[PDB]
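As given, the protein sequences belong to chains B, D, C and A, one line each in that order. Position 272, counted from 1, in the first sequence is what PDB author numbering calls 272; the numbers after and before it change by one each time, with no gaps. Position 198, counted from 1, in the second sequence is what PDB author numbering calls 198; the numbers after and before it change by one each time, with no gaps. Position 18, counted from 1, in the third sequence is what PDB author numbering calls 18; the numbers after and before it change by one each time, with no gaps. Position 274, counted from 1, in the fourth sequence is what PDB author numbering calls 274; the numbers after and before it change by one each time, with no gaps. Note that the Cβ used here is the ideal one computed from N, Cα and C, for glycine as well. Written out below as structure tokens is the structure these notes cover.
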Amino acid sequence: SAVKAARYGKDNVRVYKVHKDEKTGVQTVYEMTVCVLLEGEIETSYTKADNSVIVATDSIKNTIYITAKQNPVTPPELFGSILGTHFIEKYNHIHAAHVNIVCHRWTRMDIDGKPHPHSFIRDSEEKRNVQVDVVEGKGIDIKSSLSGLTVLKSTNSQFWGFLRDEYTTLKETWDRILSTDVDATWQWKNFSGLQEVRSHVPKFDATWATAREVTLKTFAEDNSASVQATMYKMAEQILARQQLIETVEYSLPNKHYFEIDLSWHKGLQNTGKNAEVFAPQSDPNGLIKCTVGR
Amino acid sequence: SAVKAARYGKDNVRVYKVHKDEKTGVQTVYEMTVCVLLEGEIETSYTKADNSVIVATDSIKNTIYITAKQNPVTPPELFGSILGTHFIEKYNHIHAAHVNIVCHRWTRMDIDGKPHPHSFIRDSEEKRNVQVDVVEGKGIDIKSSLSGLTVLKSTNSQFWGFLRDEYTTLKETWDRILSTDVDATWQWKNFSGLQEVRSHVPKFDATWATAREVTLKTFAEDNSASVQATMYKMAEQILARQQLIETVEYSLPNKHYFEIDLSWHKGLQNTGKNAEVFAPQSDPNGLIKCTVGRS
Amino acid sequence: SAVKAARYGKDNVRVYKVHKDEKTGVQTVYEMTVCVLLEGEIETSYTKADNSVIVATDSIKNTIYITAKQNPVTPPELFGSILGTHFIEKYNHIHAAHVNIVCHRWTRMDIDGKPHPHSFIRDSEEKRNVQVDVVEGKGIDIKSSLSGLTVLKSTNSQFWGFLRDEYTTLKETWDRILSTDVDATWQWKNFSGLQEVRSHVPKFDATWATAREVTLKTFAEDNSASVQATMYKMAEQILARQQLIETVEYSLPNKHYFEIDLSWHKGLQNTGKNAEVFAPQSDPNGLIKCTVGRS
Amino acid sequence: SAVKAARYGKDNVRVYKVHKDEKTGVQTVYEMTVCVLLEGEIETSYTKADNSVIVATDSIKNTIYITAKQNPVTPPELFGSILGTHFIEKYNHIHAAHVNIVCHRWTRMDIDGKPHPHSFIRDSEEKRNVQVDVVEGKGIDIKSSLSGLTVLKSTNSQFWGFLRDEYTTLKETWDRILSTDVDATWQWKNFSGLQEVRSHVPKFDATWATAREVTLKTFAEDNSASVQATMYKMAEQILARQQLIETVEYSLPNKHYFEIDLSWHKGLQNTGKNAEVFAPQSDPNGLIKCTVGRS
Ligand SMILES: Nc1c([N+](=O)[O-])[nH]c(=O)[nH]c1=O
Ligand SMILES: Nc1c([N+](=O)[O-])[nH]c(=O)[nH]c1=O
Ligand SMILES: Nc1c([N+](=O)[O-])[nH]c(=O)[nH]c1=O
Ligand SMILES: Nc1c([N+](=O)[O-])[nH]c(=O)[nH]c1=O
């Protein structure tokens, strides 16, 4: 037997950084959860119990705080690159650093129509994330994403014309409720190293803010033929909106709302065009993914 | 041995209701989870295994669906009152109905700067809840609440002057991060029945909006001397603002962010005035609560 | 406006304690999550913002560890009493102490049929808990419980004879799956103080073992007319076996498993007597509660 | 732009199957959660909004139910094999079926030491799972696994000899607590089809039992030099006991238990050799993985 692959690191490293402005005095908060996983010539730590090759996971935790203190934590794509670069460079047996970051929302409150200097709110469980893979002599592979963005449309969604057979009981429909938790991932074209990345910094927040706007918009305006049809259109606009991005991935759970036939009760009309009260279903759920390249 | 207390019903009934405007075409969604426990002359289903006094939890479910269909579902205070009342009246062996509604946010999307007709977003895990207790001959007791409201302030919070002894190790501070999850409940004056409740409908949505606002506002403005202090303030304004509330209750789990001393690394300064990077703590957590009533 | 009530303390305090036997060499681990909520003359911390009367929540955290260090942490009923007692005795303005304890399972592994000396496994998400209320001159109130004990029986459960009306669609059944999460609580007779508690220490683990025992058996053996009937039975046995317990509370979720009519597909028989494959429902769920006391 | 990848299906499909033995009487439950994503000539549904290619996820759900009702459901590798197969065959345009199955523990209850015929307990949150990719013309690929296995050992674990530098502050140790959640996956060599799988059936349940046993025992015995070192040993014995296993993957979150210095209080000694009370840490946590194939 033999170590085909190995990675080890620290997970769930929760970090919080505050930016205090002098003139304005206005503070900015950033909170994230980090996980670094290392790779390289370390087999011996598994095979023969050699801890000499092991950089302690506590050390990595130490490193993460240290870095966040010396560098800017935003945007996640940068910070994750600065982070993952360090590891491969400060150590010789360390060839690949895998950085996952999850940004949490700390929106600035508006008290009395005016933005507040130092009071924030978790205005959603939606996260902004980066998977940054830093390889020695292969540059930095970034994958940005947005997740947990939960949406719902009360109509203007349809589902018919699907294959029918001896396992089909679903009835075609022209007016259904459409709900999902959006998971969108846009991969960036390989970066030489940190230098290329810093050069594109502004492109990151803009591409995330774009992907978000497209998703929302396209969700709401598309007279959905299917979830499939709606993702591709979503993808499309993103690609077309950014040359750097190489691909776009969407994984969407089709969260079902079922009509309730109340007709057994005083001939109550609650189906079809009379549908008012539905039963959201926790499960099962539809899952539909798809990667969109050029 | 004897049945000292009993209640049964149905929990986690997910309900979704759509309202369509024929004119504008603007649809409006509502989603809640409902729990109805019923109390009554039911000892016999426990002691003699007598199911004839039982109204199947299934039927309670159906009832919830029908009631949502034939009635307005907002404000939750109203719906809950209609729903609980039905059971005490429909059934003679049932004398109390306990109703719990958790309202889920489905805020309308803002596409291109314009409120979309039929598109919403879950803009927060925050919830609006109501606990309606309906007792035959004792009116309707309503507690209204907001929960899941997570806040954080990077400064303007202190904690010094607390009792020190041989169990203390907590260094006083004049500046600290203050984050918490807000659980605030306001309890309305007992209501005689559905009628008096309908009489005050507009008040509910308003009082809730007030309570929220009063909570963010105070939290953000107050130069906190202690979570206990900031809290009381919030309660105060709430009572002063609504005559109908008999009591306000706040439950605050203060979530700690610890500074990380990095002096051991190239003398890096990261505490006190030079504190930038902190480490949020999942546990433990302080837990402060209090009930403010009227004089 | 006035502070009708206030409590505060520390929540979610994880504690782990090991017991190393010199002779045997065998080790015994204990893990739990603790919460202490304090009460007393502490309004001025809310009203006048006076941190003088505030024992810092952090100091409560310290106190927990310290206490856990000088005393045994098992049984929880005792540990909780010692800890609650301390606070009321150590502080004059502190009159009531509320202590909650959730004990996690770390069951000793059996390797090769023998009980390993220092290797444990979490063999259930089942908890054993205690809510101990220590009040100045009112004694110690102890509520012992188990929770998160998930069970199922594929037959020997029925539900029929229930009330049927225009809201009823549930078909009577003489055979169904029954699955619930057991939440069971037994309230001990009040205790003067720490001494009386220490005197009954052997009764605790005993009574919890019994409660667990009686719950499992009765759930397995009973041909269930209703979940209510079965739960009342199980409370009875518990009150009989232990005189110190004044009341027993059960709260059970009736997790439904639905039949799947597959007839529409090649006349496949899956319902009634032919039922093999079912659809466990995440929700909603029946919720049946009941507190059984002494006649 | 174009469609580089696309999969679609049904997720979280709860299934429960009962087996009734007419002779003995002994009933036997199985409960699982299936997810089935399909791949094939379906690009059009995304680009040309043509649902003619789409086999409604609902039908997948129905398919799953029927399938479970017409076949045996254990061992998961068989069922998921039958199930993924069915979709490639029945549908020309579908050329890959990815089937996930999570098996839920329903362990037979022991009432008065005698195994009950129809009663069960979720004796753990441990899960047996299988991932079964079935590609048309590339046999059946089957990764087996066990997850949610939570263990802890009070001693016989050390960690010293690691690299130290200006980032290090971790003290070496010759005795520490080791606790993790074991995630162990063992891949099977590619199988030609449903007939080869069916062939080996008996291997499945047995390998799984071995993987647990190897895991359990090794963890409990190995005087651990590093998590890394103890894992590798496990992988070894697994690959050894089964020539059908192409690789073994272990994912182990190292859950930390910190010492609590209490010297500040009456010089209480709670560190090193006198460490009794510890603070379990929810986060962060070391995460150690590694795949072990053959030479
Ligand atoms: N960093 C590591 C630790 N550690 O505690 O940091 N323990 C291990 O078994 N392995 C590691 O790599
Ligand atoms: N509603 C009830 C049901 N039921 O299924 O609706 N089953 C019981 O055992 N008890 C109930 O009260
Ligand atoms: N212990 C307390 C803290 N604290 O941080 O320990 N903060 C508060 O606002 N109040 C307390 O009582
Ligand atoms: N099965 C599908 C459904 N459906 O509801 O079953 N809806 C979609 O948009 N897409 C599907 O593939």
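{"query": "Hey, how far is the Cα of residue 285 of chain A from the Cα of residue 27 of chain D?", "result": "47 angstroms"}
{"query": "Residues in its own chain within less than 6 angstroms of residue 79 of chain D by CB, not counting five upstream and five downstream?", "result": "73"}
{"query": "Quick check on residue 232 of chain C - is its C-beta less than 9 angstroms from some C-beta in chain B?", "result": "no"}
{"query": "Can you name the start and end residues of the beta strand (DSSP E) that residue 111 of chain C belongs to?", "result": "107 to 111"}
{"query": "Using the three-state DSSP reduction, which class does residue 204 of chain A fall into: helix, strand or coil?", "result": "helix"}
{"query": "Could you pull the DSSP bridge partners for residue 181 of chain A from this structure?", "result": "A:150"}
{"query": "Would a check of beta-carbon distances place residue 118 of chain C closer than 9 angstroms to chain B?", "result": "no"}
{"query": "Against chain A, does residue 155 of chain C count as a neighbour if the rule is that its beta carbon must be under 9 angstroms from one of theirs?", "result": "yes"}
{"query": "Do you know offhand how far residue 54 of chain D's Cα is from residue 75 of chain D's?", "result": "30 angstroms"}
{"query": "With DSSP as the reference, please indicate the residues paired to residue 14 of chain C in a beta bridge.", "result": "C:33"}
{"query": "Verify whether the separation of the beta carbon atoms of residue 290 of chain D and residue 257 of chain D is less than 9 angstroms.", "result": "no"}
{"query": "Say yes only if the C-beta of residue 8 of chain B is nearer than 8 angstroms to one or more non-hydrogen atoms of ligand 1, and no if none qualify.", "result": "yes"}
{"query": "Quick one: which chain C residues come within Cβ less than 8 angstroms of residue 285 of chain D?", "result": "10, 11 and 12"}
{"query": "Would you give the residue range spanned by the beta strand (DSSP E) that residue 252 of chain D belongs to?", "result": "245 to 255"}
{"query": "Shortest alpha-carbon distance to residue 29 of chain A belongs to which of C:283, C:141, C:168 and C:155?", "result": "C:155"}
{"query": "Can you list, in chain order, the stretches of the alpha helix (DSSP H) that have 4 or more residues and sit fully within the stretch 59 to 136 of chain D?", "result": "76 to 90"}
{"query": "Flag this pair as yes or no: are the beta carbons of residue 135 of chain B and residue 33 of chain B separated by less than 9 angstroms?", "result": "no"}
{"query": "Can you name, in chain order, every residue of its own chain whose Cβ lies under 8 angstroms from the Cβ of residue 254 of chain C, other than the five neighbours on each side?", "result": "178, 179, 180, 227, 285, 286, 287 and 288"}
{"query": "Can you say whether residue 175 of chain A is buried or exposed, counting buried as having 16 or more other CB atoms within 10 angstroms of its CB?", "result": "exposed"}
{"query": "What is the rounded straight-line gap between the Cα of residue 265 of chain B and the Cα of residue 10 of chain A?", "result": "32 angstroms"}
{"query": "Within a Cβ cutoff of 7 angstroms, which residues of the same chain sit near residue 50 of chain B, ignoring the five residues on either side of it in sequence?", "result": "44"}
{"query": "Between residue 263 of chain C and chain B, is any beta-carbon pair separated by less than 9 angstroms?", "result": "no"}
{"query": "Quick one: is the Cβ of residue 57 of chain A within less than 8 angstroms of any heavy atom of ligand 4?", "result": "yes"}
{"query": "Mapping DSSP to helix, strand and coil, what is residue 274 of chain A?", "result": "helix"}
{"query": "Ignore the nearest five residues each way along the sequence and tell me which others in residue 230 of chain C's own chain have a CB closer than 7 angstroms to its CB.", "result": "218, 219, 222 and 224"}
{"query": "Can you tell which of B:152, B:167 and B:187 has the C-alpha that lies nearest to the C-alpha of residue 145 of chain B?", "result": "B:187"}
{"query": "How big is the Cα-Cα spacing for residue 82 of chain B and residue 194 of chain B?", "result": "7 angstroms"}
{"query": "Assuming residue 279 of chain C and residue 14 of chain A form a contact by the criterion Cβ under 8 angstroms, report the distance between their Cβ atoms to the nearest whole angstrom.", "result": "6 angstroms"}
{"query": "Does the distance between the C-beta of residue 179 of chain D and the nearest non-hydrogen atom of ligand 3 fall short of 8 angstroms?", "result": "no"}
{"query": "Just list the residues that DSSP pairs residue 156 of chain C with in beta bridges.", "result": "Answer by DSSP bridge pairing: none, since residue 156 of chain C is not bridged."}
{"query": "Please report the distance separating the alpha-carbon of residue 122 of chain D from that of residue 150 of chain B.", "result": "5 angstroms"}
{"query": "Counting only beta-carbon atoms, is residue 4 of chain D nearer than 9 angstroms to chain A?", "result": "no"}
{"query": "Please identify the residue among D:77, D:66 and D:131 whose C-alpha is closest to the C-alpha of residue 201 of chain D.", "result": "D:77"}
{"query": "Closer than 7 angstroms by C-beta to residue 277 of chain D: which residues in its own chain qualify, once you throw out the five before and the five after it? Chain order, please.", "result": "260 and 270"}
{"query": "Using the C-alpha atoms, what's the distance from residue 108 of chain A back to residue 246 of chain B?", "result": "53 angstroms"}
{"query": "From what residue to what residue does the beta strand (DSSP E) around residue 230 of chain D run?", "result": "That residue, residue 230 of chain D, is in no beta strand (DSSP E); its alpha helix (DSSP H) goes 227 to 241."}
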